[PDB]
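K.L.:
One structure coming up, written as C-alpha cells, with questions to follow.
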Amino acid sequence: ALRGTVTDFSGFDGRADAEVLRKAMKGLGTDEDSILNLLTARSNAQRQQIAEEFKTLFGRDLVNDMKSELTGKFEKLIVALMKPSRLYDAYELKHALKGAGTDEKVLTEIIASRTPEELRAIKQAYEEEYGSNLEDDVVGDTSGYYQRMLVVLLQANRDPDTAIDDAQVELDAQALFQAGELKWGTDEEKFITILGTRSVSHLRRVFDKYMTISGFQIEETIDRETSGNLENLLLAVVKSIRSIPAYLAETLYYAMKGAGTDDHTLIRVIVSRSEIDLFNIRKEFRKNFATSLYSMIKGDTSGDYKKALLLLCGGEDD
Ligand SMILES: NCCOP(=O)(O)OC[C@H](O)CO
Ligand SMILES: [Ca+2]
Ligand SMILES: [Ca+2]
Ligand SMILES: [Ca+2]
Ligand SMILES: [Ca+2]
Ligand SMILES: [Ca+2]
Ligand SMILES: [Ca+2]
Ligand SMILES: [Ca+2]
Ligand SMILES: [Ca+2]
Ligand SMILES: [Ca+2]
Ligand SMILES: [Ca+2]
C-alpha cells in the first residue's frame with residue numbers, strides 16, 4: 001500500500017552515469033542541469049554505485065566534488081540525496097543533537113514517525129557511524145517527560161497488532177480520561193505508557209471510544225492538558241498512529257505555508273521518504289489541503305533546487 005516517487009532506473013549503467021557527472025563538472029562552470037536530472041532519477045542505491053564508479057574511474061570523490069561546485073540550498077539537497085538511505089535519519093538526528101542547543105523538531109519528527117523496525121536500524125547505524133549511543137545523546141540533550149517519551153519510543157518496543165480486545169480498548173480510553181480531563185493537573189506517565197507502547201491497531205480504537213466517552217478527540221485533550229515539547233511530541237505520536245503519511249504531509253504543509261520556507265524540513269521529508277511513501281504523502285496532502293504538493297513547492301522554491309524538488313515529487317495535481 002505505501003509507495004515512493006523515486007525508483008530504480010531501468011537500464012542503469014554506473015559507469016555511463018559517472019562520466020556524465022564528471023563531464024557535468026570538469027573545468028569552468030557546472031552544468032547543474034545534467035546533475036539534477038541524473039540524480040533525481042536514480043534510486044539511492046544507484047547513487048551509491050554511481051559514487052563507486054566515479055572514484056574507480058577518476059580517483060576523485062563524487063560528493064566532495066559536487067560540494068565544491070554547487071552551493072546554497074541546491075548543494076544541501078543534492079548532499080541529502082547522496083546520503084545512503086540507512087544513514088540519513090541517523091545523520092539528521094546527530095546534527096540535531098550536536099552543539100549546545102538541540103532542535104526538538106527533528107527529534108520529535110523522526111522518532112515519532114518512524115516505525116520500531118526503523119528505529120532499530122537508526123540506532124544500529126548511528127552507533128556504528130558516530131560511536132555514541134543514540135539514547136544517551138537524546139537523554140543528554142533533553143529533560144522531563146519529553147525525554148522520557150522519546151526514550152520509551154527509542155526502545156522500539158511497541159506491542160504487536162494482535163486481534164483486538166474491546167475490554168482493553170474501553171479500559172484504556174477510560175484511564176486516559178481519568179489521567180487528563182477528570183484530573184486536576186495531569187498524569188503524563190499514563191499518557192507515555194499507553195501512547196508509547198500499545199499497538200497501533202489498538203490505539204486507533206482507543207482514540208475513537210475515548211471520543212465517545214469524553215466528547216473530546218485525544219488531540220484536543222493533549223492540547224488542554226499539556227504544553228511545550230511534550231504537547232508536540234504527543235500530537236506527533238497521535239498523528240503518526242492515525243497516519244504517518246498524513247502526519248508528514250501535514251509537516252510539509254507548515255513548512256511551506258509561511259513567511260519563508262522551512263527549507264531543512266522540506267528537504268529532509270522529501271528525501272527521507274522519496275522511496276518509502278511520498279506518493280501517499282502526496283495523496284493526503286491534497287485530500288487535506290486542497291493545494292497539491294507540486295504547486296506548493298512551485299511557488300516556494302526557486303532555482304535548480306525547485307526543479308530538483310519537483311522532479312523528486314512527481315505528479316502535479318497528485
Ligand atoms: N483544562 C485546564 C487544565 O489544567 P490542568 O493541567 O489539568 O491543571 C493545572 C495544573 O495543576 C496547573 O499548575
Ligand atoms: Ca567546474
Ligand atoms: Ca552554473
Ligand atoms: Ca559548495
Ligand atoms: Ca545539544
Ligand atoms: Ca531547544
Ligand atoms: Ca538530560
Ligand atoms: Ca487535567
Ligand atoms: Ca503531572
Ligand atoms: Ca497546550
Ligand atoms: Ca512559503
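Chain labels run A, B, ... following the order of the C-alpha cells; each chain numbers its residues from 1, and ligands are numbered from 1 in the order shown.
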Quick one: which chain A residues come within 9 Å of ligand 5, and what is the nearest atom pair for each with the distance in Å to one decimal, counting only C-alpha atoms and all ligand atoms, rows ordered by chain and ascending number, as a tab-separated table?

P.N.:
residue	atom	partner	partner_atom_place_in_ligand_line	distance
A:95	CA	ligand 5	1 (Ca)	8.7
A:96	CA	ligand 5	1 (Ca)	7.2
A:97	CA	ligand 5	1 (Ca)	4.4
A:98	CA	ligand 5	1 (Ca)	4.4
A:99	CA	ligand 5	1 (Ca)	4.7
A:100	CA	ligand 5	1 (Ca)	4.4
A:101	CA	ligand 5	1 (Ca)	4.4
A:102	CA	ligand 5	1 (Ca)	4.2
A:103	CA	ligand 5	1 (Ca)	7.9
A:137	CA	ligand 5	1 (Ca)	8.1
A:138	CA	ligand 5	1 (Ca)	8.4
A:140	CA	ligand 5	1 (Ca)	7.6
A:141	CA	ligand 5	1 (Ca)	5.1
A:142	CA	ligand 5	1 (Ca)	8.4

K.L.:
Skipping near chain neighbours, those fewer than 2 positions away, what residues fall within 6 Å of region 200-202 of chain A using only C-alpha atoms, listed as an NGL selection string?

P.N.:
:A and (161 or 204-205 or 241)

K.L.:
Write the residues of the preceding selection, restricted to N, CA and C atoms, as a PDB file, in the first residue's frame.

P.N.:
ATOM      1  N   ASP A 161       0.325  -5.641  16.583  1.00  0.00           N
ATOM      2  CA  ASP A 161      -1.070  -5.619  16.246  1.00  0.00           C
ATOM      3  C   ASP A 161      -1.428  -7.076  16.358  1.00  0.00           C
ATOM      4  N   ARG A 204      -5.738   3.172  17.715  1.00  0.00           N
ATOM      5  CA  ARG A 204      -6.648   3.843  16.813  1.00  0.00           C
ATOM      6  C   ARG A 204      -8.023   3.520  17.324  1.00  0.00           C
ATOM      7  N   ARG A 205      -8.282   2.390  17.987  1.00  0.00           N
ATOM      8  CA  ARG A 205      -9.557   2.019  18.514  1.00  0.00           C
ATOM      9  C   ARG A 205      -9.744   2.740  19.820  1.00  0.00           C
ATOM     10  N   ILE A 241       0.083   7.601  14.590  1.00  0.00           N
ATOM     11  CA  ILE A 241      -0.645   6.344  14.736  1.00  0.00           C
ATOM     12  C   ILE A 241      -1.831   6.278  13.820  1.00  0.00           C
TER      13      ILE A 241
END

K.L.:
Residues of chain A within 10 Å of ligand 9: nearest atom pair and distance (Å, one decimal) for each, counting only C-alpha atoms and all ligand atoms, sorted by chain and number, as a tab-separated table?

P.N.:
residue	atom	partner	partner_atom_place_in_ligand_line	distance
A:145	CA	ligand 9	1 (Ca)	9.1
A:179	CA	ligand 9	1 (Ca)	9.2
A:180	CA	ligand 9	1 (Ca)	9.2
A:183	CA	ligand 9	1 (Ca)	9.6
A:184	CA	ligand 9	1 (Ca)	9.0
A:185	CA	ligand 9	1 (Ca)	5.5
A:186	CA	ligand 9	1 (Ca)	4.2
A:187	CA	ligand 9	1 (Ca)	4.8
A:188	CA	ligand 9	1 (Ca)	5.5
A:189	CA	ligand 9	1 (Ca)	7.8
A:190	CA	ligand 9	1 (Ca)	9.9
A:225	CA	ligand 9	1 (Ca)	9.1
A:226	CA	ligand 9	1 (Ca)	9.0

K.L.:
Only C-alpha atoms, please: the residues just picked out, written as a PDB file, in the first residue's frame.

P.N.:
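part.pdb, written as the output of this step:
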ATOM      1  CA  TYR A 145       8.532  13.859  30.309  1.00  0.00           C
ATOM      2  CA  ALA A 179      -5.378  10.769  33.674  1.00  0.00           C
ATOM      3  CA  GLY A 180      -6.254  14.009  31.993  1.00  0.00           C
ATOM      4  CA  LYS A 183      -7.748  15.021  36.936  1.00  0.00           C
ATOM      5  CA  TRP A 184      -6.537  18.326  38.488  1.00  0.00           C
ATOM      6  CA  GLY A 185      -3.025  18.534  36.800  1.00  0.00           C
ATOM      7  CA  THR A 186      -2.131  15.550  34.600  1.00  0.00           C
ATOM      8  CA  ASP A 187      -0.754  12.033  34.900  1.00  0.00           C
ATOM      9  CA  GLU A 188       1.659  12.275  31.966  1.00  0.00           C
ATOM     10  CA  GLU A 189       3.232   8.979  32.919  1.00  0.00           C
ATOM     11  CA  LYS A 190      -0.015   7.143  31.992  1.00  0.00           C
ATOM     12  CA  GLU A 225      -3.575  19.112  29.352  1.00  0.00           C
ATOM     13  CA  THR A 226      -0.074  19.859  28.108  1.00  0.00           C
TER      14      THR A 226
END

K.L.:
Please find the residues contacting ligand 11 at a distance of at most 7 Å between atoms, with only C-alpha atoms and all ligand atoms counted, and report them as a list in words.

P.N.:
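The residues within 7 Å of ligand 11, counting only C-alpha atoms and all ligand atoms, are residues 256, 257, 258, 259, 260, 261 and 300 of chain A.
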
K.L.:
Give the answer as one residue: which of A:230, A:203, A:276, A:246 has the shortest atom-to-atom distance to residue 85 (chain A), using only C-alpha atoms?

P.N.:
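With only C-alpha atoms as the atom set, the closest residue is A:276.
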
K.L.:
Would you mind reading off the distance between CA of residue 282 (chain A) and CA of residue 312 (chain A), one decimal, in Å?

P.N.:
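CA of residue 312 (chain A) lies at a distance of 11.7 Å from CA of residue 282 (chain A).
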
K.L.:
Residues near residue 234 (chain A), anyone? I mean within 9 Å using only C-alpha atoms, not counting same-chain ones fewer than 2 positions away, as an NGL selection string.

P.N.:
:A and (112 or 146 or 149 or 191-192 or 195-196 or 219 or 222 or 229-232 or 236-239)

K.L.:
Once you have the residues from the selection above, write them out as an mmCIF file, in the first residue's frame, restricted to N, CA and C atoms.

P.N.:
data_model
loop_
_atom_site.group_PDB
_atom_site.id
_atom_site.type_symbol
_atom_site.label_atom_id
_atom_site.label_comp_id
_atom_site.auth_asym_id
_atom_site.auth_seq_id
_atom_site.Cartn_x
_atom_site.Cartn_y
_atom_site.Cartn_z
ATOM 1 N N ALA A 112 8.949 10.050 16.420
ATOM 2 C CA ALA A 112 7.516 9.793 16.374
ATOM 3 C C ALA A 112 7.070 9.145 15.069
ATOM 4 N N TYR A 146 9.274 14.888 28.179
ATOM 5 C CA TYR A 146 9.630 14.870 26.756
ATOM 6 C C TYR A 146 10.735 13.819 26.576
ATOM 7 N N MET A 149 9.470 10.416 26.982
ATOM 8 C CA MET A 149 8.567 9.847 25.971
ATOM 9 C C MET A 149 9.437 9.423 24.806
ATOM 10 N N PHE A 191 0.045 8.661 30.022
ATOM 11 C CA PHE A 191 -0.056 9.000 28.589
ATOM 12 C C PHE A 191 1.126 8.381 27.872
ATOM 13 N N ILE A 192 2.341 8.555 28.341
ATOM 14 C CA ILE A 192 3.591 7.926 27.843
ATOM 15 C C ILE A 192 3.451 6.440 27.773
ATOM 16 N N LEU A 195 0.310 5.613 25.175
ATOM 17 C CA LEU A 195 0.635 6.146 23.851
ATOM 18 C C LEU A 195 1.932 5.629 23.219
ATOM 19 N N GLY A 196 2.969 5.508 24.039
ATOM 20 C CA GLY A 196 4.275 4.978 23.709
ATOM 21 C C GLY A 196 4.291 3.481 23.571
ATOM 22 N N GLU A 219 -6.407 14.594 20.575
ATOM 23 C CA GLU A 219 -5.530 15.744 20.286
ATOM 24 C C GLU A 219 -5.940 16.968 21.074
ATOM 25 N N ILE A 222 -4.876 16.588 24.580
ATOM 26 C CA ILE A 222 -3.456 16.835 24.659
ATOM 27 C C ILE A 222 -3.239 18.324 24.658
ATOM 28 N N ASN A 229 7.341 20.947 24.542
ATOM 29 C CA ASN A 229 7.770 19.904 23.670
ATOM 30 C C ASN A 229 7.024 18.654 23.973
ATOM 31 N N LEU A 230 6.430 18.395 25.149
ATOM 32 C CA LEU A 230 5.649 17.161 25.316
ATOM 33 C C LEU A 230 4.319 17.287 24.575
ATOM 34 N N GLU A 231 3.684 18.468 24.497
ATOM 35 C CA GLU A 231 2.457 18.589 23.736
ATOM 36 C C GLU A 231 2.714 18.212 22.312
ATOM 37 N N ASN A 232 3.795 18.798 21.792
ATOM 38 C CA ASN A 232 4.279 18.497 20.423
ATOM 39 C C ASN A 232 4.485 17.074 20.061
ATOM 40 N N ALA A 236 2.467 14.685 17.720
ATOM 41 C CA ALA A 236 3.165 13.952 16.656
ATOM 42 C C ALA A 236 2.953 12.466 16.749
ATOM 43 N N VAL A 237 2.967 11.813 17.947
ATOM 44 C CA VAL A 237 2.664 10.385 18.080
ATOM 45 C C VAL A 237 1.232 10.099 17.678
ATOM 46 N N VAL A 238 0.244 10.877 18.144
ATOM 47 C CA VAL A 238 -1.133 10.545 17.819
ATOM 48 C C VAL A 238 -1.298 10.541 16.296
ATOM 49 N N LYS A 239 -0.789 11.588 15.668
ATOM 50 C CA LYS A 239 -0.947 11.719 14.207
ATOM 51 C C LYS A 239 -0.206 10.624 13.518
#

K.L.:
Find the nearest atom pair between each residue of chain A and ligand 10 for residues within 6 Å, count only C-alpha atoms and all ligand atoms, give distances in Å to one decimal, sort rows by chain and ascending number, and present the table as a tab-separated table.

P.N.:
residue	atom	partner	partner_atom_place_in_ligand_line	distance
A:223	CA	ligand 10	1 (Ca)	3.8
A:224	CA	ligand 10	1 (Ca)	5.1
A:226	CA	ligand 10	1 (Ca)	4.5
A:227	CA	ligand 10	1 (Ca)	4.2

K.L.:
Write as a ChimeraX atom specification the residues around ligand 2, taking 12 Å as the cut-off and counting only C-alpha atoms and all ligand atoms.

P.N.:
/A:21-32,35,65-70

K.L.:
Would you mind exporting C-alpha atoms of the selected residues as an mmCIF file, in the first residue's frame?

P.N.:
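Output file selection_19.cif follows:
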data_model
loop_
_atom_site.group_PDB
_atom_site.id
_atom_site.type_symbol
_atom_site.label_atom_id
_atom_site.label_comp_id
_atom_site.auth_asym_id
_atom_site.auth_seq_id
_atom_site.Cartn_x
_atom_site.Cartn_y
_atom_site.Cartn_z
ATOM 1 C CA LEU A 21 28.682 13.664 -13.836
ATOM 2 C CA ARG A 22 32.484 14.183 -14.457
ATOM 3 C CA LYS A 23 31.642 15.931 -17.748
ATOM 4 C CA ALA A 24 28.941 17.949 -15.947
ATOM 5 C CA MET A 25 31.597 19.404 -13.698
ATOM 6 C CA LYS A 26 35.071 19.315 -15.351
ATOM 7 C CA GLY A 27 36.667 22.715 -15.778
ATOM 8 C CA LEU A 28 34.956 26.104 -15.551
ATOM 9 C CA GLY A 29 31.310 26.190 -14.727
ATOM 10 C CA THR A 30 28.953 23.381 -13.681
ATOM 11 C CA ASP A 31 26.042 22.087 -15.573
ATOM 12 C CA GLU A 32 23.643 21.951 -12.555
ATOM 13 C CA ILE A 35 23.475 16.591 -12.432
ATOM 14 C CA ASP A 65 33.390 17.495 -5.930
ATOM 15 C CA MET A 66 29.695 18.257 -6.121
ATOM 16 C CA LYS A 67 30.093 20.104 -2.767
ATOM 17 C CA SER A 68 32.878 22.329 -4.295
ATOM 18 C CA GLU A 69 30.832 23.121 -7.409
ATOM 19 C CA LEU A 70 27.199 23.675 -6.162
#

K.L.:
Find the spatial neighbours of residue 14 (chain A), counting only C-alpha atoms, within a cut-off of 10 Å - ignore same-chain residues fewer than 4 positions away - and output them as a PyMOL selection string.

P.N.:
chain A and resi 18-19+46-54

K.L.:
With distances taken over only C-alpha atoms and all ligand atoms, which residue among A:151, A:119, A:41, A:271 lies nearest ligand 7?

P.N.:
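Looking only at the distances to ligand 7, the closest residue turns out to be A:151.
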
K.L.:
How many Å lie between CA of residue 61 (chain A) and CA of residue 309 (chain A), rounded to one decimal?

P.N.:
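Computed distance, CA of residue 61 (chain A) to CA of residue 309 (chain A), equals 24.0 Å.
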
K.L.:
Given only C-alpha atoms and all ligand atoms as the basis, pick out the residue of A:64, A:44, A:147, A:113 nearest to ligand 7.

P.N.:
A:147

K.L.:
Please identify all polymer residues within 9 Å of residue 277 (chain A), counting only C-alpha atoms, omitting same-chain residues fewer than 6 positions from it, and present them as a ChimeraX atom specification.

P.N.:
/A:1-5,245

K.L.:
Next, dump the selected residues to file, keeping only N, CA, C and O atoms, as a CSV table (one decimal), in the first residue's frame.

P.N.:
chain,number,residue,atom,x,y,z
A,1,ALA,N,0.8,-1.2,0.0
A,1,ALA,CA,0.0,0.0,0.0
A,1,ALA,C,0.8,1.3,0.0
A,1,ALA,O,0.3,2.3,-0.5
A,2,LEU,N,2.0,1.3,0.5
A,2,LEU,CA,2.9,2.5,0.5
A,2,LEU,C,3.7,2.6,-0.7
A,2,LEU,O,4.0,1.5,-1.3
A,3,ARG,N,4.1,3.8,-1.2
A,3,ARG,CA,4.9,3.8,-2.4
A,3,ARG,C,5.6,5.2,-2.5
A,3,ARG,O,5.0,6.3,-2.1
A,4,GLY,N,6.8,5.2,-2.9
A,4,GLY,CA,7.5,6.5,-3.1
A,4,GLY,C,7.5,6.8,-4.6
A,4,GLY,O,7.0,6.1,-5.4
A,5,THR,N,8.1,8.0,-4.9
A,5,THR,CA,8.1,8.5,-6.3
A,5,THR,C,9.4,8.1,-7.1
A,5,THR,O,9.3,7.8,-8.3
A,245,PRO,N,1.9,9.0,6.8
A,245,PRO,CA,1.7,9.9,5.6
A,245,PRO,C,1.1,11.2,5.9
A,245,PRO,O,1.7,12.2,5.6

K.L.:
Leaving out residue 313 (chain A) and any residue of its chain fewer than 6 positions from it, which residues lie within 12 Å of it when counting only C-alpha atoms, given as a PDB file with N, CA, C and O atoms, in the first residue's frame?

P.N.:
ATOM      1  N   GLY A   4       6.823   5.242  -2.859  1.00  0.00           N
ATOM      2  CA  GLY A   4       7.535   6.474  -3.072  1.00  0.00           C
ATOM      3  C   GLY A   4       7.498   6.826  -4.560  1.00  0.00           C
ATOM      4  O   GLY A   4       6.977   6.079  -5.402  1.00  0.00           O
ATOM      5  N   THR A   5       8.085   7.978  -4.902  1.00  0.00           N
ATOM      6  CA  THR A   5       8.149   8.500  -6.263  1.00  0.00           C
ATOM      7  C   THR A   5       9.393   8.062  -7.072  1.00  0.00           C
ATOM      8  O   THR A   5       9.285   7.821  -8.290  1.00  0.00           O
ATOM      9  N   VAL A   6      10.571   7.993  -6.367  1.00  0.00           N
ATOM     10  CA  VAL A   6      11.917   7.642  -6.867  1.00  0.00           C
ATOM     11  C   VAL A   6      12.102   6.152  -6.934  1.00  0.00           C
ATOM     12  O   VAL A   6      11.944   5.437  -5.949  1.00  0.00           O
ATOM     13  N   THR A   7      12.393   5.625  -8.108  1.00  0.00           N
ATOM     14  CA  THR A   7      12.623   4.204  -8.279  1.00  0.00           C
ATOM     15  C   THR A   7      13.929   3.911  -8.993  1.00  0.00           C
ATOM     16  O   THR A   7      14.589   4.782  -9.557  1.00  0.00           O
ATOM     17  N   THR A  40      18.016  12.916  -9.596  1.00  0.00           N
ATOM     18  CA  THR A  40      16.654  12.769  -9.116  1.00  0.00           C
ATOM     19  C   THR A  40      16.010  11.601  -9.847  1.00  0.00           C
ATOM     20  O   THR A  40      14.850  11.303  -9.571  1.00  0.00           O
ATOM     21  N   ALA A  41      16.695  10.868 -10.753  1.00  0.00           N
ATOM     22  CA  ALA A  41      16.131   9.703 -11.499  1.00  0.00           C
ATOM     23  C   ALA A  41      16.743   8.307 -11.220  1.00  0.00           C
ATOM     24  O   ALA A  41      16.494   7.278 -11.898  1.00  0.00           O
ATOM     25  N   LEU A 266      11.771  20.788   4.398  1.00  0.00           N
ATOM     26  CA  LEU A 266      11.237  20.478   3.078  1.00  0.00           C
ATOM     27  C   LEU A 266      12.132  19.416   2.507  1.00  0.00           C
ATOM     28  O   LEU A 266      11.661  18.390   2.029  1.00  0.00           O
ATOM     29  N   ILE A 267      13.428  19.629   2.683  1.00  0.00           N
ATOM     30  CA  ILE A 267      14.381  18.690   2.104  1.00  0.00           C
ATOM     31  C   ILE A 267      14.286  17.355   2.774  1.00  0.00           C
ATOM     32  O   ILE A 267      13.954  16.375   2.091  1.00  0.00           O
ATOM     33  N   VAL A 269      12.147  15.702   4.586  1.00  0.00           N
ATOM     34  CA  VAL A 269      10.990  14.861   4.402  1.00  0.00           C
ATOM     35  C   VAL A 269      10.947  14.357   2.987  1.00  0.00           C
ATOM     36  O   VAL A 269      10.550  13.215   2.750  1.00  0.00           O
ATOM     37  N   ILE A 270      11.287  15.147   1.965  1.00  0.00           N
ATOM     38  CA  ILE A 270      11.151  14.650   0.593  1.00  0.00           C
ATOM     39  C   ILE A 270      12.210  13.579   0.308  1.00  0.00           C
ATOM     40  O   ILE A 270      11.945  12.481  -0.206  1.00  0.00           O
ATOM     41  N   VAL A 271      13.435  13.847   0.744  1.00  0.00           N
ATOM     42  CA  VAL A 271      14.496  12.891   0.545  1.00  0.00           C
ATOM     43  C   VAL A 271      14.194  11.671   1.388  1.00  0.00           C
ATOM     44  O   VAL A 271      14.195  10.578   0.841  1.00  0.00           O
ATOM     45  N   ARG A 273      11.715  10.152   2.537  1.00  0.00           N
ATOM     46  CA  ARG A 273      10.507   9.458   2.204  1.00  0.00           C
ATOM     47  C   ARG A 273      10.395   9.182   0.737  1.00  0.00           C
ATOM     48  O   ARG A 273       9.596   8.292   0.376  1.00  0.00           O
ATOM     49  N   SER A 274      11.189   9.852  -0.124  1.00  0.00           N
ATOM     50  CA  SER A 274      11.150   9.622  -1.564  1.00  0.00           C
ATOM     51  C   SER A 274      10.976   8.162  -1.937  1.00  0.00           C
ATOM     52  O   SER A 274      10.144   7.839  -2.775  1.00  0.00           O
ATOM     53  N   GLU A 275      11.637   7.207  -1.327  1.00  0.00           N
ATOM     54  CA  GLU A 275      11.496   5.833  -1.753  1.00  0.00           C
ATOM     55  C   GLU A 275      10.564   5.000  -0.912  1.00  0.00           C
ATOM     56  O   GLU A 275      10.354   3.811  -1.189  1.00  0.00           O
ATOM     57  N   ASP A 277       7.275   6.357   1.059  1.00  0.00           N
ATOM     58  CA  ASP A 277       5.851   6.668   0.944  1.00  0.00           C
ATOM     59  C   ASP A 277       5.472   8.067   0.451  1.00  0.00           C
ATOM     60  O   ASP A 277       4.329   8.426   0.646  1.00  0.00           O
ATOM     61  N   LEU A 278       6.311   8.949  -0.122  1.00  0.00           N
ATOM     62  CA  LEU A 278       5.948  10.239  -0.737  1.00  0.00           C
ATOM     63  C   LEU A 278       4.794  10.125  -1.741  1.00  0.00           C
ATOM     64  O   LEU A 278       4.056  11.105  -1.857  1.00  0.00           O
ATOM     65  N   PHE A 279       4.481   9.041  -2.432  1.00  0.00           N
ATOM     66  CA  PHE A 279       3.287   9.105  -3.238  1.00  0.00           C
ATOM     67  C   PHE A 279       2.042   9.287  -2.356  1.00  0.00           C
ATOM     68  O   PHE A 279       1.144  10.123  -2.621  1.00  0.00           O
ATOM     69  N   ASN A 280       2.005   8.504  -1.259  1.00  0.00           N
ATOM     70  CA  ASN A 280       0.897   8.529  -0.292  1.00  0.00           C
ATOM     71  C   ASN A 280       0.871   9.850   0.435  1.00  0.00           C
ATOM     72  O   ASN A 280      -0.177  10.453   0.627  1.00  0.00           O
ATOM     73  N   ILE A 281       2.006  10.384   0.839  1.00  0.00           N
ATOM     74  CA  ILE A 281       2.051  11.688   1.498  1.00  0.00           C
ATOM     75  C   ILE A 281       1.411  12.700   0.581  1.00  0.00           C
ATOM     76  O   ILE A 281       0.786  13.639   1.063  1.00  0.00           O
ATOM     77  N   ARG A 282       1.615  12.558  -0.744  1.00  0.00           N
ATOM     78  CA  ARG A 282       1.062  13.469  -1.731  1.00  0.00           C
ATOM     79  C   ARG A 282      -0.443  13.308  -1.752  1.00  0.00           C
ATOM     80  O   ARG A 282      -1.110  14.339  -1.736  1.00  0.00           O
ATOM     81  N   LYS A 283      -1.017  12.098  -1.810  1.00  0.00           N
ATOM     82  CA  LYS A 283      -2.461  11.894  -1.670  1.00  0.00           C
ATOM     83  C   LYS A 283      -3.056  12.651  -0.458  1.00  0.00           C
ATOM     84  O   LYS A 283      -3.880  13.564  -0.597  1.00  0.00           O
ATOM     85  N   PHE A 285      -1.726  15.023   1.150  1.00  0.00           N
ATOM     86  CA  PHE A 285      -1.530  16.466   1.063  1.00  0.00           C
ATOM     87  C   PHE A 285      -2.719  17.098   0.363  1.00  0.00           C
ATOM     88  O   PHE A 285      -3.284  18.056   0.847  1.00  0.00           O
ATOM     89  N   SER A 292      -1.922  21.064  -4.188  1.00  0.00           N
ATOM     90  CA  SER A 292      -1.201  19.853  -4.493  1.00  0.00           C
ATOM     91  C   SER A 292       0.236  20.166  -4.042  1.00  0.00           C
ATOM     92  O   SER A 292       0.632  21.332  -3.873  1.00  0.00           O
ATOM     93  N   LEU A 293       1.058  19.147  -3.793  1.00  0.00           N
ATOM     94  CA  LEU A 293       2.380  19.371  -3.216  1.00  0.00           C
ATOM     95  C   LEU A 293       3.331  20.011  -4.234  1.00  0.00           C
ATOM     96  O   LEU A 293       4.083  20.953  -3.933  1.00  0.00           O
ATOM     97  N   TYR A 294       3.140  19.626  -5.486  1.00  0.00           N
ATOM     98  CA  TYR A 294       3.895  20.183  -6.564  1.00  0.00           C
ATOM     99  C   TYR A 294       3.755  21.688  -6.512  1.00  0.00           C
ATOM    100  O   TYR A 294       4.728  22.409  -6.323  1.00  0.00           O
ATOM    101  N   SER A 295       2.513  22.163  -6.507  1.00  0.00           N
ATOM    102  CA  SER A 295       2.178  23.571  -6.545  1.00  0.00           C
ATOM    103  C   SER A 295       2.786  24.344  -5.420  1.00  0.00           C
ATOM    104  O   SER A 295       3.381  25.407  -5.588  1.00  0.00           O
ATOM    105  N   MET A 296       2.726  23.719  -4.262  1.00  0.00           N
ATOM    106  CA  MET A 296       3.155  24.385  -3.066  1.00  0.00           C
ATOM    107  C   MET A 296       4.660  24.560  -3.176  1.00  0.00           C
ATOM    108  O   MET A 296       5.212  25.641  -2.947  1.00  0.00           O
ATOM    109  N   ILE A 297       5.300  23.507  -3.670  1.00  0.00           N
ATOM    110  CA  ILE A 297       6.732  23.577  -3.831  1.00  0.00           C
ATOM    111  C   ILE A 297       7.033  24.564  -4.966  1.00  0.00           C
ATOM    112  O   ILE A 297       7.907  25.424  -4.802  1.00  0.00           O
ATOM    113  N   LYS A 298       6.236  24.614  -6.043  1.00  0.00           N
ATOM    114  CA  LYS A 298       6.477  25.512  -7.185  1.00  0.00           C
ATOM    115  C   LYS A 298       6.365  26.999  -6.868  1.00  0.00           C
ATOM    116  O   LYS A 298       6.973  27.825  -7.554  1.00  0.00           O
ATOM    117  N   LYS A 306      14.329  24.083  -6.770  1.00  0.00           N
ATOM    118  CA  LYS A 306      12.946  23.906  -7.181  1.00  0.00           C
ATOM    119  C   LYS A 306      12.816  22.799  -8.168  1.00  0.00           C
ATOM    120  O   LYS A 306      12.035  21.889  -7.946  1.00  0.00           O
ATOM    121  N   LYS A 307      13.614  22.758  -9.237  1.00  0.00           N
ATOM    122  CA  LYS A 307      13.415  21.750 -10.294  1.00  0.00           C
ATOM    123  C   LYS A 307      13.689  20.344  -9.836  1.00  0.00           C
ATOM    124  O   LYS A 307      13.022  19.374 -10.244  1.00  0.00           O
TER     125      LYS A 307
END

K.L.:
Which value, in Å to one decimal, gives the distance between CA of residue 74 (chain A) and CA of residue 86 (chain A)?

P.N.:
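Separation of CA of residue 74 (chain A) and CA of residue 86 (chain A): 22.0 Å.
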
K.L.:
Nearest to residue 73 (chain A): which of A:268, A:291, A:263, A:233 is it, counting only C-alpha atoms?

P.N.:
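Closest to residue 73 (chain A), using only C-alpha atoms: A:263.
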
K.L.:
Nearest to ligand 4 among A:131, A:72, A:59, A:144, with distances taken over only C-alpha atoms and all ligand atoms: which residue is it?

P.N.:
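Comparing A:131, A:72, A:59, A:144 against ligand 4, the winner is A:72.
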